[PDB]
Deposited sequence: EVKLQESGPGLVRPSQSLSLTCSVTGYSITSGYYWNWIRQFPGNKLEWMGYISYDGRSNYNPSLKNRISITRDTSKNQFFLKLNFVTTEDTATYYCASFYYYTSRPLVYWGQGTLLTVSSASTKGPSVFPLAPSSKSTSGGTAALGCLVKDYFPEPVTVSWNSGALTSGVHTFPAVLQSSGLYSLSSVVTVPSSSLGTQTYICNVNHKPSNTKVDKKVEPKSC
């Protein structure tokens, strides 16, 4: 049946152009459906960007009118989204979609989506700092100033999982990401048990163990 698949770069520099491809399989783009681009911002808001018809006519959201262009390649059964420029506000997940023109036109088909990050940062490994403190005590590790996502955190090489909370990363004004992972623990064991965080950042080949002791 009909399948859509987006493709393109996951990272583009500010003020440069953007080109996205949607490959359509199981149906020719020259009949039946209108082929749309829709993006979802980090805060989950959806914005319809535009479509191209099965006859090759495009229609665009006014919010993008002067920077957007939707084209197609009928011999490869693909259509394309172009942004003449992007800023850091255009970081979002970009989906291709379709609706059958002779219906109430719901978006029946979607691609898997492709993440696009607009940043001028270079790949950078993180710094790992300890978060140190009766009853139950909390400790953790601050994984700071790295790019791009993601990082992985474990505790005691995975032997400590209960009570672990690793938070989503936050984007700092520097353009680099930071996050924290925390775990709650018996205070009585603060002397007797070793507590170590393991941070992996593969784009920078970072493998760091950090012991978290109270001081």
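Residues 134-139, 222-223 of the deposited sequence have no C-alpha coordinates in the model.
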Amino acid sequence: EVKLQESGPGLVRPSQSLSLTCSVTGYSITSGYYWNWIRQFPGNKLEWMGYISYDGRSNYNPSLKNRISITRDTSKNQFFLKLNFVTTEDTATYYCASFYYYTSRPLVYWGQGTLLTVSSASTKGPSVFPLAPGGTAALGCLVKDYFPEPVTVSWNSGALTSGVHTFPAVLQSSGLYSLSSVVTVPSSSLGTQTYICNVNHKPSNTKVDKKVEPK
From here on, numbers count along this sequence of modelled residues.
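Stretches 152-160 and 45-53 differ in mean C-alpha B factor, with the higher average recorded for 152-160.
Between 192-200 and 19-27, it is 192-200 that carries the larger average Cα temperature factor according to the deposited entry.
In the deposited entry, the Cα temperature factor of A121 places it in the middle third of its chain's modelled residues. In the deposited entry, the Cα temperature factor of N84 sits in the top third of values across the chain's modelled residues.
For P186, the recorded CA temperature factor ranks within the highest third of the chain's modelled residues.
The entry lists a Cα temperature factor for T114 that places it in the middle third of the chain's modelled residues. Among all modelled residues in this chain, the alpha-carbon of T93 has a temperature factor (C-alpha) in the lowest third.
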